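Undergrad: Got a structure here, written out as structure tokens. Questions coming.
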Amino acid sequence: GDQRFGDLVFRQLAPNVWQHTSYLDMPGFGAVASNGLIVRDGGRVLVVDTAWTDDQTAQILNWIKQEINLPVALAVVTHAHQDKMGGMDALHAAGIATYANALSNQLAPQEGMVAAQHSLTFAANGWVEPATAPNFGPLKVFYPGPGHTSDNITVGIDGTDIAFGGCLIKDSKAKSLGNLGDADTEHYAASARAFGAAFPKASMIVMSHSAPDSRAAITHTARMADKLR
Ligand SMILES: C[C@H](CS)C(=O)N1CCC(C(=O)O)CC1
Ligand SMILES: [Zn+2]
Ligand SMILES: [Zn+2]
């Protein structure tokens, strides 16, 4: 189930969807896993999130070449922290078009990240403005509101039961919300609930720092973010 490829782990979640996992030692926390997604859409591949580093992100591209062997048409990254955007330069070196929330691109320099090439913007109801996410295929991008960070976005995969909450959602048995230093403590709980309502039929909830879980991850995250207000 978990395919080891160098220092990374890959897990198939659906016929056209894989989870990528990479690790970084955070002095004081251990070797922290971060998950993203790889989606085959016909003759091309779409990536959600980089790995922590450029070298690890180049290894994701090597795994794609070996296991799928189709071009990577684009990548979308889900907020301006290192586990999601740390490997942007590796995507750009490979010629891959990159997308992030306009606010993630604004924050990227001060957070120590390289910005994506393209900015997503969002309607008042949270759905991406379609002209900013051209050729996204089955990826449905949703801004649920500020939570884990002000810029966090989420992604559903059409044709599957999968929705990706990134670092906004923790699993059913998590004991805390993790890194809160950039969090919007007032709005976190509402944002987690908005993610769940945006993808009401997703039964497999993928997230950055836990293995895929049921919809119980969303309400546990929400039932827990209430504590920060
Ligand atoms: C560098 C990342 C950006 S989200 C971070 O701050 N982490 C890693 C995940 C960890 C957790 O919540 O398990 C909280 C500390
Ligand atoms: Zn984060
Ligand atoms: Zn994270």
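The numbers in the sequence shown follow the deposited numbering, run straight up by one, and end at 270.
The beta-carbon is built from N, C-alpha and C at its ideal position, and this holds for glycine as well.
Between residue 167 and residue 119, what straight-line distance do the alpha-carbon atoms span, to the nearest angstrom?
TA: Against the sequence shown, residue 167 aligns to sequence position 126. Against the sequence shown, residue 119 aligns to sequence position 78. Residue 167 and residue 119: Cα-Cα distance of roughly 14 Å.
Undergrad: Using 7 Å as the threshold, is the C-beta distance between residue 213 and residue 263 below it?
TA: The residue you call residue 213 lines up with position 172 of the sequence shown. The residue you call residue 263 lines up with position 222 of the sequence shown. Not closer than 7 Å, so no.
Undergrad: Helix, strand or coil, according to DSSP, for residue 229 in the structure here?
TA: As a first step, residue 229 must be located in the sequence shown, where it is residue number 188. In this structure, residue 229 counts as helix in the three-state DSSP scheme.
Undergrad: Looking at C-alpha atoms only, which residue of 266, 70, 116 and 47 is the closest neighbour of residue 174?
TA: Position 133 of the sequence shown, counted from the first residue, corresponds to residue 174. The shortest Cα separation from residue 174 among 266, 70, 116 and 47 belongs to 116.
Undergrad: Residues bridged to residue 245 by DSSP?
TA: Counting from one through the sequence shown, the residue named residue 245 turns up at place 204. 203, per the DSSP bridge assignment.
Undergrad: Collect the residues with a C-beta less than 6 Å away from any heavy atom of ligand 3 and give them in sequence order along the chain.
TA: Here the list is 75, 122, 124, 208, 249 and 250.
Undergrad: Specify the secondary structure class of residue 265 as computed by DSSP and reduced to three states.
TA: For the purposes of this step, residue 265 is taken as residue 224 along the sequence shown, with counting starting at 1. Helix at residue 265.
Undergrad: Nearest-angstrom Cα distance between residue 133 and residue 247?
TA: One-based indexing of the sequence shown puts residue 133 at position 92. One-based indexing of the sequence shown puts residue 247 at position 206. Their backbone Cα atoms lie some 25 Å apart in a straight line.
Undergrad: Would you report the Cα separation of residue 210 and residue 249, rounded to the nearest angstrom?
TA: The count along the sequence shown starts at 1 and reaches residue 210 at position 169. The count along the sequence shown starts at 1 and reaches residue 249 at position 208. So the alpha carbons of these two residues sit roughly 8 Å apart.
Undergrad: Would you mind giving the Cβ-Cβ distance between residue 58 and residue 67, rounded to the nearest angstrom? I have them listed as a contact below 8 Å.
TA: By one-based count along the sequence shown, residue 58 stands at place 17. By one-based count along the sequence shown, residue 67 stands at place 26. The Cβ separation is near 27 Å, so there is no contact.
Undergrad: Name the DSSP bridge partner or partners of residue 234?
TA: Within the sequence shown, residue 234 is the residue found at index 193, counting from 1. Answer by DSSP bridge pairing: none, since residue 234 is not bridged.
Undergrad: State yes or no: is the C-beta of residue 220 nearer than 6 Å to some heavy atom of ligand 1?
TA: Working through the sequence shown from its first residue, we reach residue 220 at position 179. Yes, the beta carbon of residue 220 sits closer than 6 Å to at least one heavy atom of ligand 1.
Undergrad: Assign residue 126 to one of three DSSP states: helix, strand, or coil.
TA: As a position in the sequence shown, residue 126 is number 85, starting the count at 1. It is helical.
Undergrad: Using the three-state DSSP reduction, which class does residue 103 fall into: helix, strand or coil?
TA: Residue mapping note: residue 103 aligns to position 62 of the sequence shown, counting from 1. It is helical.
Undergrad: Of the residues 79, 207 and 176, which one's Cα is nearest the Cα of residue 53?
TA: Against the sequence shown, residue 53 aligns to sequence position 12. Measuring from the Cα of residue 53, the nearest candidate turns out to be 79.
Undergrad: Pick out whichever of 48, 91 and 186 has its Cα sitting closest to the Cα of residue 76.
TA: Here residue 76 refers to the residue found at position 35 of the sequence shown. Minimum Cα distance to residue 76 is reached at 91.
Undergrad: Verify the contact flag: residue 73, CB atom, against every heavy atom of ligand 1, threshold strictly below 6 Å.
TA: Mapped onto the sequence shown, residue 73 falls at position 32. It does: the Cβ of residue 73 is within 6 Å (strictly closer) of some heavy atom of ligand 1.
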